[PDB]
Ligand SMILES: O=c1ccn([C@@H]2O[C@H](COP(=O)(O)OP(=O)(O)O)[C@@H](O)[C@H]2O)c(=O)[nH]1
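Just the one chain here, laid out as structure tokens, in the form deposited without the named molecule.
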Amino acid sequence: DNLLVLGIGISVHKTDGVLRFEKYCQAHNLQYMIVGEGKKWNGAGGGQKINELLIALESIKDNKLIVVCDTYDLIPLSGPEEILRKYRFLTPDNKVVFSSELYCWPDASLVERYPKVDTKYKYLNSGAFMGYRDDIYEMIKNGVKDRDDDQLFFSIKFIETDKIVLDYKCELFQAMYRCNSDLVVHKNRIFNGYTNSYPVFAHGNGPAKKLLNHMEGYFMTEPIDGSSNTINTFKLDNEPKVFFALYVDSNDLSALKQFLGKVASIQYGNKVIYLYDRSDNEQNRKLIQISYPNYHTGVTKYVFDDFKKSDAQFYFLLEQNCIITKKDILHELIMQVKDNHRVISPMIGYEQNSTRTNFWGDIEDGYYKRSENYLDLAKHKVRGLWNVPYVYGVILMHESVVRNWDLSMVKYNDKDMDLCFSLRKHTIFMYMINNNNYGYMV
């Protein structure tokens, strides 16, 4: 009746993936520990995961039933009772149950060595497994190289011993990659229509991180508060310090004045404001600097150095073409910042065309792709927080993101695309929020 979940999360600072994993664990009353928390990542690869798990197993002396799983791209959707029932049904012999998956990876030549089975879910995936501590210890007691492939290691174990059984019917585990057409969200669960099951652990393995991120906006960790927007004015009892970073171009003095007027109307007591001007019109700067002394010229990238030197707890990035009309927006946004929700961007559309917005629901080779629910979100058919690959122009970011992670990585040579690229690379999530009417773009 006892169960412990060992989620692998090796990092000096916590990603949003691990934060989300933890929140889902707590919501389902799953006892867990994060293996490798606070330690540096080294690890095809992932050998360090086995090495860190071995260390963790040294503190578990009793022969406990344990789950071992990825955390960055994985969430539990049910509690210990369901997991225990399924485990006992899957393996009366108390073997180690591993996730199945569609592909034979990383060694495609193991194909002929796997047991033949009717299902397309033929192969092992090492991102989730469950068994007795002693059995798992026995398999890993000698360690591996940090750079070894944990998936290959366990695949060999599976084909060459009798210690492991695969979860072919996706009862405990779902490797979601390329299973889009099998899976639907129903009653706060994933239902797999292929296997006729409701997998407990939803693993967005490999690229399927985007499928899991997409579904996340439909799940809940507890019943929603239906009165959350009944009063849609917001005011914090205590205002944390917010650093306003304004990305402007004084070449267009008209746009600048209109934008600064809206920014000045955002209601917020505890702030510091910096202007980062693309241009260098000196007479303009002189004028504006009377009201905004923190003024820098020739800036064509996003700047975090001033923020880092400040004692601000939030960074609020605002682009000149983004017109905020909801005066209490910062109170509203800050109230949503908690757990894995650390980067939040209010949805606004073009004044001329309101379905074209400051977020992308999907991405393909780096650029905008229309997602399944994009138009629903843009027209407010459903509202809330949505995990998306790109946000633009109005972004609130908690200091734990800005102070601890490299947000200046370059792939596209485009400041807004590169910010989102950096976040994606670190498993820091961007949340679009569409709870109210916030503004528009010009």
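Only residues modelled in both forms are compared. For every residue, the number given is its place in the sequence shown, counted from 1. Between two forms, the rigid core is defined as the largest C-alpha subset superposing within 1.5 Å.
Below, we refer to the form deposited with the named molecule bound, which is not included among the displayed structures.
Only one segment in the set 287 to 295, 335 to 343, 70 to 78, 110 to 118 has residues whose heavy atoms sit within 4.5 Å of the named molecule in the entry with it bound; it is 70 to 78.
Of the candidates 366, 206, 240, 143, 206 is the one whose heavy atoms come within 4.5 Å of the named molecule in the entry with it bound; the others do not. A heavy atom within 4.5 Å of the named molecule in the entry with it bound is found for exactly one of 19, 433, 10, 25: 10. With a 4.5 Å cutoff on heavy atoms, residue 41 counts as touching the named molecule in the entry with it bound. 280 to 283 is the only run of at least 3 consecutive shared residues whose C-alphas each shift by 2 Å or more between this form and the one not shown once the core is superposed.
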